[PDB]
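Some notes on the structure that comes next.
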Amino acid sequence: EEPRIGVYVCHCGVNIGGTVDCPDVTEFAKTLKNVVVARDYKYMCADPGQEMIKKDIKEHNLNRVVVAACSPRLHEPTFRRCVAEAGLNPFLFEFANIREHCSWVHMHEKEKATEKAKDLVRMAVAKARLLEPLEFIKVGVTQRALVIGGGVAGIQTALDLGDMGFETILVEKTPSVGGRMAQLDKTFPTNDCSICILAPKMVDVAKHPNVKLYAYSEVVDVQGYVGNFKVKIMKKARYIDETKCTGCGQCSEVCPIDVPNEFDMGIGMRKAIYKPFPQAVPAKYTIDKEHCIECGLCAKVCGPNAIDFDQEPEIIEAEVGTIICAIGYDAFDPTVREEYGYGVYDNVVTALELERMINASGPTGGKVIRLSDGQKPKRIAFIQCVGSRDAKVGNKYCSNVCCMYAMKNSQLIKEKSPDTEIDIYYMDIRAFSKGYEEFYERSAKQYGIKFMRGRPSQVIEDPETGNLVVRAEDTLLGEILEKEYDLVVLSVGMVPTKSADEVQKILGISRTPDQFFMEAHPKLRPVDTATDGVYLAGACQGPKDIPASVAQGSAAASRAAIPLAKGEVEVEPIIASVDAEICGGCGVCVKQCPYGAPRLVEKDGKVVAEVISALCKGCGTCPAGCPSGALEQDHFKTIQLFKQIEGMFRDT
Amino acid sequence: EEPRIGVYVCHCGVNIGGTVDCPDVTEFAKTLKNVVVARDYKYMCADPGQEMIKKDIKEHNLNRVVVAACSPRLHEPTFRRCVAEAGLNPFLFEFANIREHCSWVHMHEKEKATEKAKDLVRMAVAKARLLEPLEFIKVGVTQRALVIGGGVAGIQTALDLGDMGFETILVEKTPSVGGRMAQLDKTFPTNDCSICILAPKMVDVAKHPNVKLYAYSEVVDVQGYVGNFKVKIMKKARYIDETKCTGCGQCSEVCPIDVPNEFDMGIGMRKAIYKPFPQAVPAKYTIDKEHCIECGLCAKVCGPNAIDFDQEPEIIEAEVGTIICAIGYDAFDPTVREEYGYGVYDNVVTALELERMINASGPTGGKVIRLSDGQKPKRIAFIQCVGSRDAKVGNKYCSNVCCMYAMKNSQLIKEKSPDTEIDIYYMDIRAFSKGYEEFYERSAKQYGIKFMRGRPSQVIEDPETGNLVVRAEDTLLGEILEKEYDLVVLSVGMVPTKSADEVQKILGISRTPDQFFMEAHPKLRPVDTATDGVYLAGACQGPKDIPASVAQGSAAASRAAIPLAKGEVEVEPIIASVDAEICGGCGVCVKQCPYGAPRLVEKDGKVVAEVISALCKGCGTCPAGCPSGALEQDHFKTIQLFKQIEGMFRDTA
Ligand SMILES: Cc1cc2nc3c(=O)[nH]c(=O)nc-3n(C[C@H](O)[C@H](O)[C@H](O)COP(=O)(O)OP(=O)(O)OC[C@H]3O[C@@H](n4cnc5c(N)ncnc54)[C@H](O)[C@@H]3O)c2cc1C
Ligand SMILES: Cc1cc2nc3c(=O)[nH]c(=O)nc-3n(C[C@H](O)[C@H](O)[C@H](O)COP(=O)(O)OP(=O)(O)OC[C@H]3O[C@@H](n4cnc5c(N)ncnc54)[C@H](O)[C@@H]3O)c2cc1C
Ligand code: SF4
Ligand code: SF4
Ligand code: SF4
Ligand code: SF4
Ligand code: SF4
Ligand code: SF4
Ligand code: SF4
Ligand code: SF4
Ligand code: SF4
Ligand code: SF4
Ligand code: SF4
Ligand code: SF4
Ligand SMILES: [Fe+3]
């Protein structure tokens with residue numbers, strides 16, 4: 001049959017129509033070959049727009065639909081379901097992006113943006129003519145979930161999934177689950193003991209019948225697609241027998257290597273054999289082989305002889321149907337802002353070091369003391385927006401929690417020492433959620449905490465005393481302040497965690513300008529990714545507090561449970577296939593695929609290539625490299641792209 | 001069996017031990033009858049502390065545990081599981097609070113704090129002796145959910161549940177789903193149209209095979225408990241057979257009367273025969289009798305014959321296992337702030353009115369106009385924190401979104417009219433989520449929007465020209481500014497929706513100080529309530545933007561799916577029951593229970609009261625009111641409370 005195309009140009013209210021002359025684009029679209037219907041409407045995705053398309057598909061017997069509107073990364077599934085409801089195969093639909101790619105980037109050149117939209121419509125119509133009916137591929141969904149990261153956000157997702165009756169694997173890289181919440185002393189705005197409320201969750205997840213917890217483990221390989229993932233988990237060697245070891249810790253004394261205790265942000269030293277923190281789950285000790293000198297003194301003191309250096313990492317192969325990434329975040333390193341003196345002055349600390357100093361289980365026994373002389377500081381200055389809202393360090397975002405945690409620990413210091421003077425140097429106080437503004441008022445009226453509106457310009461150490469002078473304009477007075485402090489705390493912001501690069505490559509997910517992981521859309525799908533069957537939860541998706549991470553944890557559990565409950569999803573048939581009559585068995589294509597889908601086989605008494613449809617993801621590399629042209633990926637054939645290139649310059 | 005009690009005093013580092021002499025409390029506890037083991041430990045809720053209790057339960061054969069530490073509101077579930085692991089029934093454990101209620105409030109009176117802790121331990125032991133082993137009551141869960149409110153939050157909850165395979169009811173008060181997002185033009189920080197994100201969801205929800213949508217309907221009664229709710233829905237009468245209705249809109253043209261259109265916040269005027277907004281779902285029309293005149297004019301032009309004045313509201317009865325409240329919010333009414341002149345000055349408008357003005361599908365065709373001149377204002381002032389962060393109006397909270405939506409609509413005005421000068425009067429710019437700070441930088445750098453740090457003191461109308469003058473200090477200059485504007489927009493804050501009182505009364509849930517609905521825990525249960533089987537989602541739980549409301553909708557669906565997926569839950573047995581041999585059916589209790597649990601029955605010829613265990617929530621009002629003592633609430637018996645009162649003054653020996 002000859003193509004009968006319907007072209008629909010959206011205004012997106014004014015987001016498109018304000019820049020692109022949408023009526024003039026629809027008029028141009030009618031002059032194109034095979035276009036029988038062309039309309040422009042304010043919202044194509046709204047109910048009147050979808051009913052319009054479907055009514056045209058039936059009344060005009062359309063076999064192709066072109067929508068010139070937003071990105072297909074937003075609404076391609078939406079319109080594929082729309083046209084499929086009217087009978088039209090979902091892959092006779094072509095998307096033209098005239099918003100993100102045109103109207104929003106050419107606002108000052110309306111005439112050229114309109115001409116450009118016409119070209120983009122024509123390139124779409126060109127490819128549309130050669131599109132073919134494809135069948136969505138139904139695949140079974142493995143009734144198991146994987147959660148990477150055992151913080152409050154990942155714990156919440158596993159408990160929710162486990163409580164629904166889904167088998168769930170929880171992989172935690174460090175020896176213990178708990179995340180940074182396990183490092184906090186208290187939590188604003190209620191000042192609940194952080195570990196005391198979280199520990200019952202850590203207990204629950206270790207004891208849960210439907211949750212397998214792999215602590216001191218990391219995901220090292222992910223293969224397959226939604227509902228059909230095959231993952232490798234490396235259970236790293238503690239070099240201690242989980243079964244034969246107490247957790248008493250009488251081998252550290254017999255260790256000559258002192259190692260930066262990362263749980264305490266390096267303020268206190270830990271031994272080569274260690275337990276991260278007392279409330280750790282699982283409560284089993286570990287040996288850091290990186291700093292281990294293998295002198296064996298611990299093994300002589302060890303009674304059970306649980307110590308075995310021969311211990312090897314064990315790889316777990318497991319099939320899951322959905323994956324939730326919840327690997328958290330790290331604290332910004334404020335060394336780059338040299339005028340503040342971190343790493344140079346003894347008495348400049350980050351706020352997350354402060355959390356460990358204030359915490360009773362912390363290295364200092366909960367006592368805030370200067371790192372130069374060990375005395376208690378009587379004057380303390382907080383500096384806000386350190387590493388955030390700062391183009392000089394590349395972090396132009398707001399870290400969301402630093403305003404609240406700076407007032408929090410100012411309250412906790414006042415409670416342990418009422419006569420401490422505390423000044424907070426801020427730009428905006430962002431106390432934006434339920435009880436936050438009240439917490440902000442409380443900090444000033446009840447705890448007498450001072451607020452200076454003025455980002456400090458530099459910190460100057462008195463080399464005699466070790467004290468610090470903070471210099472800032474009191475912008476609410478128009479005068480330059482130069483107050484002296486005994487301790488300066490840098491309210492450092494949040495950055496992605498160190499391993500976010502490794503995880504990103506394994507899962508195949510993107511990143512937003514803030515370097516955190518990219519949701520499919522901030523409002524349509526706040527915890528989905530554009531990778532089907534992969535979801536986000538918590539601070540790894542962006543800076544946020546505990547209730548926000550927990551909500552995302554539960555949200556990601558709901559979203560990840562949909563394919564598991566359905567038991568069956570559909571994947572795109574944009575796969576490569578070999579034409580046996582043209583393939584001469586050259587061998588070029590088999591090494592090109594990273595999943596080994598193309599293979600050399602003998603057919604009809606001769607050698608041809610053949611691709612296992614199940615191993616092909618649809619990248620299209622091997623068809624592009626095929627010398628004979630026997631390889632082709634559907635929906636992206638060379639002839640279809642050829643017509644699209646012609647469509648820019650001329651109709652066909 | 002004679003009580004064998006273990007008493008555990010906790011130091012909580014020095015939180016308790018610094019003020020209360022715990023070793024002294026411990027020694028005193030061993031003087032009380034039935035105390036077999038007593039010890040102080042630094043962290044009782046820590047694993048070594050729990051292992052110390054469970055291990056004593058077995059070695060010393062204890063049948064009661066007292067822990068003097070923090071509040072039961074924190075660790076009561078913690079220690080109940082601890083003792084259950086050791087074979088001891090969880091209701092033979094009693095919590096004494098010596099931190100929140102003693103050491104932390106008597107820091108300067110240590111001697112008296114120690115003596116107080118001793119009385120609090122003795123009162124705990126005293127009740128502990130008479131505690132009884134109880135069993136959790138298992139109940140089935142109806143495999144269906146109910147969502148109340150069809151904004152982004154409620155829609156998201158229904159689609160997630162429906163997609164999981166659970167039958168779901170979605171009740172929407174207005175003729176159309178969509179909520180306040182439907183009223184917005186664009187949405188920060190992507191500046192999509194609201195229709196971009198919402199309308200496909202509205203479409204999906206209406207045709208979902210597992211979602212029954214009851215638009216123009218309201219819940220009017222809810223009875224029962226988790227997994228066993230019996231709800232009554234009043235499906236209001238549209239006076240148009242929806243099955244026959246086409247939504248073409250031919251009828252609206254003929255209508256001879258006009259009506260203030262609430263969807264446009266009293267700006268645009270509609271017919272009594274109407275559909276809220278052009279993209280409304282269901283795409284059906286509604287007749288409002290408050291103004292209908294019944295001349296048949298609408299029916300004459302309608303082909304289908306859907307119009308029908310004989311319609312009567314229908315009441316639907318449905319079993320559900322879980323309920324999600326997502327009834328949204330209302331804009332603050334800034335009339336009470338007299339200094340700004342809303343309701344007095346023509347050209348003072350709220351921000352939600354501005355959204356209806358700027359929206360392409362709006363009564364003004366997307367044209368920002370002065371409501372006095374009809375002209376386009378070339379100078380516009382935004383005033384932040386209207387009705388928020390203000391003790392004079394009883395709203396001491398931050399409404400979360402007003403900073404961003406003010407910068408949003410400023411960008412959109414600048415796009416439609418670059419010549420417009422826009423000044424935002426603010427205290428703090430709260431651009432706190434992903435891309436927000438960048439949105440904030442973009443508003444100033446790219447769109448040349450101006451920010452004045454200074455909360456305006458008053459708005460002075462020019463009666464002659466309708467122009468407005470805004471008096472405020474430029475706090476960043478130390479000078480008083482008096483600039484003139486063609487239009488002033490009040491960035492009003494969020495407040496609970498008018499019908500929130502009705503919904504609260506029906507579902508029996510609490511409210512936070514800000515008057516929004518109270519979550520079960522402010523940190524770890526953001527979408528649960530203290531009422532089992534009832535959950536929250538969206539702005540009715542507190543001021544928040546669309547991404548947060550959508551994430552809560554998906555979070556509430558996960559939480560509300562746990563009982564549905566389990567098909568069974570447990571209810572606490574701290575319930576009331578009748579001793580048939582003591583009750584002579586006086587009838588005092590029946591009317592005391594707001595859930596109708598106690599009932600008069602006839603067994604063995606006589607009348608006797610009887611409590612339906614499933615209907616009892618454990619308040620204990622009617623046992624306190626029973627004159628014969630036949631009625632007792634397990635775990636709070638009169639005799640148990642009597643012992644506790646004596647324990648304040650003497651050992652129960
Ligand atoms: C100084 C400071 C004070 C704060 N105060 C508060 C407060 O008072 N109240 C509040 O609500 N919020 C506060 N926050 C924010 C709070 O810490 C976060 O909201 C919270 O930690 C988010 O939990 P999460 O699980 O999403 O991330 P995380 O807590 O960081 O947990 C992520 C987990 O994943 C693990 N992980 C990381 N990489 C991998 C990998 N490759 N494989 C497997 N596992 C991995 C990590 O070990 C960690 O256990 C504060 C933050 C800071 C910096
Ligand atoms: C001027 C303004 C601009 C804004 N701009 C933005 C923006 O740009 N970006 C952004 O993300 N957010 C913005 N917001 C916030 C946004 O409006 C909310 O986050 C969002 O509307 C919350 O959705 P919701 O479903 O929770 O509540 P709602 O949107 O209010 O929906 C509640 C629904 O429940 C229904 N309902 C109410 N009572 C009952 C009852 N008794 N029975 C049954 N149903 C009932 C209502 O009819 C309504 O459909 C803005 C808010 C305002 C005021
Ligand atoms: S979304 Fe894509 S489609 Fe729905 S409106 Fe904005 S643009 Fe037109
Ligand atoms: S010492 Fe031997 S035993 Fe005591 S802990 Fe270290 S390992 Fe387990
Ligand atoms: S061996 Fe490696 S670890 Fe065991 S002690 Fe000597 S050092 Fe510390
Ligand atoms: S939060 Fe308060 S501090 Fe942390 S960034 Fe946004 S503003 Fe600067
Ligand atoms: S390359 Fe083209 S031709 Fe050479 S084998 Fe793979 S397919 Fe057959
Ligand atoms: S296409 Fe990309 S993926 Fe499908 S096979 Fe050839 S290579 Fe492996
Ligand atoms: S128990 Fe309540 S009090 Fe005793 S420690 Fe754990 S928390 Fe601090
Ligand atoms: S006319 Fe009869 S049908 Fe056409 S809309 Fe008004 S009502 Fe629905
Ligand atoms: S009848 Fe009621 S509704 Fe139908 S037209 Fe006359 S008025 Fe408008
Ligand atoms: S949001 Fe910006 S505006 Fe709305 S209140 Fe909190 S601060 Fe005042
Ligand atoms: S009140 Fe006490 S006594 Fe009178 S009936 Fe209800 S129960 Fe039997
Ligand atoms: S206790 Fe409160 S609830 Fe349980 S019955 Fe007596 S009254 Fe009704
Ligand atoms: Fe505790």
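For the structure tokens, the naming scheme is as follows: chains receive sequential letters (A, B, ...) according to their order of presentation, residues are indexed from 1 within each chain, and ligands are indexed from 1 in presentation order.
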| query | Residues within 8 Å of ligand 11 (only C-alpha atoms and all ligand atoms), as a PyMOL selection string? | reply | chain B and resi 251-252+254-257+271-273+287-289+291-299
Please identify the residues whose atoms come within 9 Å of ligand 10, using only C-alpha atoms and all ligand atoms, and report them as a PDB file with C-alpha atoms, in the first residue's frame.
```pdb
ATOM      1  CA  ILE B 240     -26.260  14.671  31.629  1.00  0.00           C
ATOM      2  CA  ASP B 241     -26.158  10.965  30.836  1.00  0.00           C
ATOM      3  CA  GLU B 242     -22.390  10.633  30.492  1.00  0.00           C
ATOM      4  CA  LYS B 244     -24.561   9.360  25.785  1.00  0.00           C
ATOM      5  CA  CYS B 245     -22.532  12.555  26.228  1.00  0.00           C
ATOM      6  CA  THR B 246     -20.118  13.481  23.426  1.00  0.00           C
ATOM      7  CA  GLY B 247     -18.307  16.494  24.884  1.00  0.00           C
ATOM      8  CA  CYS B 248     -18.582  18.452  21.625  1.00  0.00           C
ATOM      9  CA  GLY B 249     -19.704  21.558  23.509  1.00  0.00           C
ATOM     10  CA  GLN B 250     -22.569  22.569  21.212  1.00  0.00           C
ATOM     11  CA  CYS B 251     -24.853  22.945  24.236  1.00  0.00           C
ATOM     12  CA  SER B 252     -22.700  25.540  25.999  1.00  0.00           C
ATOM     13  CA  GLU B 253     -23.155  27.952  23.088  1.00  0.00           C
ATOM     14  CA  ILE B 273     -23.834  23.942  31.396  1.00  0.00           C
ATOM     15  CA  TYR B 274     -20.072  23.587  31.329  1.00  0.00           C
ATOM     16  CA  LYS B 275     -16.927  21.504  31.305  1.00  0.00           C
ATOM     17  CA  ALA B 283     -14.651  14.955  28.539  1.00  0.00           C
ATOM     18  CA  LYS B 284     -18.255  15.312  29.706  1.00  0.00           C
ATOM     19  CA  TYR B 285     -20.388  18.342  30.467  1.00  0.00           C
ATOM     20  CA  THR B 286     -22.171  19.210  33.699  1.00  0.00           C
ATOM     21  CA  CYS B 298     -29.416  22.981  25.962  1.00  0.00           C
ATOM     22  CA  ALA B 299     -31.339  19.832  25.028  1.00  0.00           C
ATOM     23  CA  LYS B 300     -32.568  21.257  21.716  1.00  0.00           C
ATOM     24  CA  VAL B 301     -29.062  21.406  20.210  1.00  0.00           C
ATOM     25  CA  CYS B 302     -27.859  18.053  21.600  1.00  0.00           C
ATOM     26  CA  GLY B 303     -28.046  15.121  19.206  1.00  0.00           C
ATOM     27  CA  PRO B 304     -27.494  12.247  21.649  1.00  0.00           C
ATOM     28  CA  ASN B 305     -30.202  13.383  24.142  1.00  0.00           C
ATOM     29  CA  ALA B 306     -27.811  13.100  27.090  1.00  0.00           C
ATOM     30  CA  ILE B 307     -29.346  16.020  29.000  1.00  0.00           C
TER      31      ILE B 307
END
```
Could the residues of chain B that have an atom at most 8 Å from ligand 3 be listed as CSV, each with its closest atom pair and the distance in Å to one decimal, counting only C-alpha atoms and all ligand atoms and ordered by chain and ascending residue number?
```
residue,atom,partner,partner_atom_place_in_ligand_line,distance
B:192,CA,ligand 3,6 (Fe),6.3
B:193,CA,ligand 3,6 (Fe),5.8
B:195,CA,ligand 3,4 (Fe),6.4
B:196,CA,ligand 3,1 (S),3.9
B:197,CA,ligand 3,1 (S),7.0
B:199,CA,ligand 3,4 (Fe),7.7
B:200,CA,ligand 3,4 (Fe),7.8
```
Go ahead and save the picked residues with N, CA, C and O atoms, as an mmCIF file, in the first residue's frame.
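See part_39.cif below for the written result:
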```cif
data_model
loop_
_atom_site.group_PDB
_atom_site.id
_atom_site.type_symbol
_atom_site.label_atom_id
_atom_site.label_comp_id
_atom_site.auth_asym_id
_atom_site.auth_seq_id
_atom_site.Cartn_x
_atom_site.Cartn_y
_atom_site.Cartn_z
ATOM 1 N N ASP B 192 7.943 23.015 30.881
ATOM 2 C CA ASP B 192 6.888 22.344 30.136
ATOM 3 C C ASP B 192 5.558 23.031 30.429
ATOM 4 O O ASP B 192 5.415 23.759 31.413
ATOM 5 N N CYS B 193 4.579 22.813 29.554
ATOM 6 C CA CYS B 193 3.202 23.066 29.949
ATOM 7 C C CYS B 193 2.792 22.048 31.001
ATOM 8 O O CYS B 193 3.252 20.903 31.001
ATOM 9 N N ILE B 195 -0.028 20.741 30.944
ATOM 10 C CA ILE B 195 -0.719 19.750 30.122
ATOM 11 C C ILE B 195 0.255 18.704 29.596
ATOM 12 O O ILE B 195 -0.119 17.538 29.412
ATOM 13 N N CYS B 196 1.511 19.092 29.354
ATOM 14 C CA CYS B 196 2.504 18.151 28.845
ATOM 15 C C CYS B 196 2.598 16.916 29.727
ATOM 16 O O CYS B 196 2.630 15.783 29.234
ATOM 17 N N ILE B 197 2.655 17.119 31.037
ATOM 18 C CA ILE B 197 2.888 16.021 31.960
ATOM 19 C C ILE B 197 1.580 15.451 32.484
ATOM 20 O O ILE B 197 1.435 14.233 32.618
ATOM 21 N N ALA B 199 -1.841 15.818 31.282
ATOM 22 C CA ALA B 199 -2.929 15.357 30.425
ATOM 23 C C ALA B 199 -2.786 13.899 30.008
ATOM 24 O O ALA B 199 -3.795 13.174 30.048
ATOM 25 N N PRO B 200 -1.613 13.408 29.600
ATOM 26 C CA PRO B 200 -1.502 11.965 29.331
ATOM 27 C C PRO B 200 -1.829 11.108 30.537
ATOM 28 O O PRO B 200 -2.410 10.026 30.384
#
```
Find the residues near ligand 2. Use a cut-off of 6 Å, count only C-alpha atoms and all ligand atoms, and write them as a PDB file with C-alpha atoms, in the first residue's frame.
```
ATOM      1  CA  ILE B 148      -9.550  10.335  47.223  1.00  0.00           C
ATOM      2  CA  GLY B 149      -8.603  13.308  45.074  1.00  0.00           C
ATOM      3  CA  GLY B 150      -7.613  13.261  41.418  1.00  0.00           C
ATOM      4  CA  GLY B 151      -4.691  15.645  41.135  1.00  0.00           C
ATOM      5  CA  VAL B 152      -1.230  14.562  40.032  1.00  0.00           C
ATOM      6  CA  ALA B 153      -0.711  12.803  43.363  1.00  0.00           C
ATOM      7  CA  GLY B 154      -3.933  10.785  43.374  1.00  0.00           C
ATOM      8  CA  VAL B 171     -12.941   9.589  43.599  1.00  0.00           C
ATOM      9  CA  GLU B 172     -12.759  13.143  42.240  1.00  0.00           C
ATOM     10  CA  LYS B 173     -14.826  15.951  43.763  1.00  0.00           C
ATOM     11  CA  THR B 174     -14.966  18.172  40.661  1.00  0.00           C
ATOM     12  CA  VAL B 177      -9.479  15.182  37.328  1.00  0.00           C
ATOM     13  CA  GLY B 178      -6.226  17.122  37.071  1.00  0.00           C
ATOM     14  CA  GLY B 179      -6.293  19.304  40.153  1.00  0.00           C
ATOM     15  CA  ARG B 180      -4.423  22.585  40.411  1.00  0.00           C
ATOM     16  CA  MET B 181      -1.776  21.428  37.945  1.00  0.00           C
ATOM     17  CA  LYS B 186       3.817  26.034  32.599  1.00  0.00           C
ATOM     18  CA  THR B 187       5.700  24.273  35.385  1.00  0.00           C
ATOM     19  CA  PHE B 188       9.173  24.888  36.811  1.00  0.00           C
ATOM     20  CA  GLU B 218     -17.283  12.437  47.077  1.00  0.00           C
ATOM     21  CA  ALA B 326      -4.667  12.995  48.060  1.00  0.00           C
ATOM     22  CA  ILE B 327      -7.139  15.894  48.245  1.00  0.00           C
ATOM     23  CA  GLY B 328      -4.589  18.602  47.515  1.00  0.00           C
ATOM     24  CA  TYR B 329      -4.657  22.178  48.767  1.00  0.00           C
ATOM     25  CA  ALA B 331      -4.525  29.041  47.721  1.00  0.00           C
ATOM     26  CA  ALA B 351      -0.505  34.206  41.653  1.00  0.00           C
ATOM     27  CA  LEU B 352      -3.097  31.506  40.991  1.00  0.00           C
ATOM     28  CA  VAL B 401       6.724  26.569  45.799  1.00  0.00           C
ATOM     29  CA  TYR B 405       6.467  29.807  40.552  1.00  0.00           C
ATOM     30  CA  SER B 499     -13.151  19.980  52.364  1.00  0.00           C
ATOM     31  CA  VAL B 503     -12.248  14.152  54.860  1.00  0.00           C
ATOM     32  CA  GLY B 538       0.575  15.107  47.577  1.00  0.00           C
ATOM     33  CA  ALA B 539       0.061  18.626  48.844  1.00  0.00           C
ATOM     34  CA  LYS B 544       5.230  20.724  47.925  1.00  0.00           C
ATOM     35  CA  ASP B 545       5.751  20.888  44.180  1.00  0.00           C
ATOM     36  CA  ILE B 546       4.721  18.477  41.407  1.00  0.00           C
ATOM     37  CA  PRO B 547       7.816  16.207  41.371  1.00  0.00           C
ATOM     38  CA  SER B 549       3.707  15.123  44.814  1.00  0.00           C
TER      39      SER B 549
END
```
| request: Please identify every polymer residue within 6 Å of ligand 7, using only C-alpha atoms and all ligand atoms, and present the set as a PyMOL selection string. | output: chain A and resi 578+583-589+608-609+626-631
| query | Can you list, as number ranges by chain, every protein, DNA or RNA residue that comes within 9 Å of residue 124 (chain B) when you count only C-alpha atoms, leaving out same-chain residues fewer than 2 positions away? | reply | B: 66-68, 94-96, 119-122, 126-129, 644, 647
Those same residues - N, CA and C atoms - I'd like them written as a compact mmCIF listing (two decimals), in the first residue's frame.
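So the final result, stored in result06.txt, reads:
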```
# COMPACT_ATOMS: atom_id res chain seq x y z
N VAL B 66 11.31 -4.82 82.28
CA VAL B 66 11.18 -3.38 82.39
C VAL B 66 12.46 -2.75 81.85
N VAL B 67 12.31 -1.77 80.97
CA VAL B 67 13.43 -0.98 80.47
C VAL B 67 13.15 0.47 80.80
N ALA B 68 13.97 1.04 81.69
CA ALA B 68 13.94 2.47 81.97
C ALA B 68 14.93 3.13 81.02
N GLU B 94 7.37 -3.68 79.68
CA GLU B 94 6.88 -2.37 80.10
C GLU B 94 8.01 -1.36 79.99
N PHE B 95 7.68 -0.19 79.44
CA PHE B 95 8.64 0.88 79.18
C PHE B 95 8.49 1.98 80.22
N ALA B 96 9.60 2.33 80.87
CA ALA B 96 9.68 3.50 81.73
C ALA B 96 10.55 4.56 81.05
N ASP B 119 10.99 6.34 91.11
CA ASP B 119 9.54 6.21 91.13
C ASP B 119 9.01 5.74 89.78
N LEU B 120 9.62 6.21 88.69
CA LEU B 120 9.20 5.80 87.36
C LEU B 120 9.53 4.33 87.09
N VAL B 121 10.60 3.81 87.69
CA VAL B 121 10.87 2.38 87.59
C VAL B 121 9.86 1.59 88.42
N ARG B 122 9.59 2.04 89.64
CA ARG B 122 8.65 1.34 90.51
C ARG B 122 7.24 1.35 89.92
N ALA B 126 5.42 -1.98 88.84
CA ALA B 126 4.10 -2.16 89.44
C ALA B 126 3.08 -2.61 88.40
N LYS B 127 3.05 -1.95 87.25
CA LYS B 127 2.17 -2.39 86.18
C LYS B 127 2.67 -3.69 85.56
N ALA B 128 3.98 -3.91 85.54
CA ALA B 128 4.53 -5.08 84.87
C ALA B 128 4.05 -6.37 85.53
N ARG B 129 3.92 -6.37 86.86
CA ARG B 129 3.51 -7.58 87.56
C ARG B 129 2.18 -8.11 87.04
N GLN B 644 -0.04 1.05 88.99
CA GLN B 644 0.92 2.04 88.52
C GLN B 644 0.85 3.31 89.36
N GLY B 647 2.57 2.65 92.63
CA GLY B 647 4.01 2.57 92.44
C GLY B 647 4.71 3.91 92.55
```
